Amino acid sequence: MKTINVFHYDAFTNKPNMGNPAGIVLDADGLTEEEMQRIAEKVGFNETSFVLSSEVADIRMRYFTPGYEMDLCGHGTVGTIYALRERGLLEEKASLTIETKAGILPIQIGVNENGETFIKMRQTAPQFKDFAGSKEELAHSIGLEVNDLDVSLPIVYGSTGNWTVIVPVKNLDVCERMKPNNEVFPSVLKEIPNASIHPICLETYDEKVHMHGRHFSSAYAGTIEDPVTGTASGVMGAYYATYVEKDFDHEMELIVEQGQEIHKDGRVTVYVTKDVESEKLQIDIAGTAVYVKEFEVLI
């Protein structure tokens, strides 16, 4: 048997246990892909990342769920680069390239006002489609009634890499009552039956934050609810810039929060940029992260 040290960092939070868990093997150059998959299974977190040597970038990363390899994982990238940086395991520079199976990712490493290191990455340009299904059926699928929805803002499918349904609800009291019936989502979401559902409101628990959301997994995911979701956060930023606060020049940013209803406290910073030659908004997200624990896995 071999002994592998695995770290647990929580992404998109500054407090242990209050974010999206990210397993990390800080130097995976001694491992095969089969070993990586087995380590991720034994770790049993939603995802475990492996830091590797690269021929074409500063580093390479592979991302695994307990059952399969993913081409990309935003929260795993945030947690992993944060850990490398904070541990003294990176070169002295404010940007990094990461070789992945989906391409080379440029990463920016910065510090926020509070002195915390933030990891910033680009998402895919946003796409929206109107939701044309039944609002009452949608409300019921998340344990609500139709008058819990916010009539003033549109329900839309949105993607900056993965499709989710942005469902505006009246306030936090509504969010607290939600109960996802994920198995029924496909019947309600005709256009994109495998989308997740991400209800939102502008009322927030955290003071510096502009939007609140909750994330309910697709019917095809197995899971019920994700703690702090970087992909959906990017969609929320694009949505905000498109439907809520449209009047900006060049660049705006907002912070979204997630996880309070399940005893967490996640925050994602979303940067929305427009350029005169670009057909769509440009979306970046950034988050900080925090050490949770380290433990041994035998393989």
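Heads up: residue numbers just count along the shown sequence, starting at 1.
Between 159-167 and 190-198, the higher mean Cα B-factor belongs to 190-198. Between the stretches 38-46 and 247-255, it is 247-255 that shows the larger average CA temperature factor. Residue-level inspection of the entry shows that, of 276, 286, 25, 283, 276 has the top Cα B-factor. For the set 148, 99, 91, 203, the maximum C-alpha B-factor listed in the entry falls on 91. Among the modelled residues of its chain, residue 58 has a C-alpha B-factor that falls in the middle third according to the deposited record. Ranked within its chain, residue 213 lands in the middle third, by CA B factor from the PDB record.
Residue 220: CA B factor in the highest third of modelled residues in this chain (values from the PDB entry).
Residue 78: CA B factor lies in the lowest third for its chain, per the PDB record. For residue 260, the recorded CA temperature factor ranks within the middle third of the chain's modelled residues.
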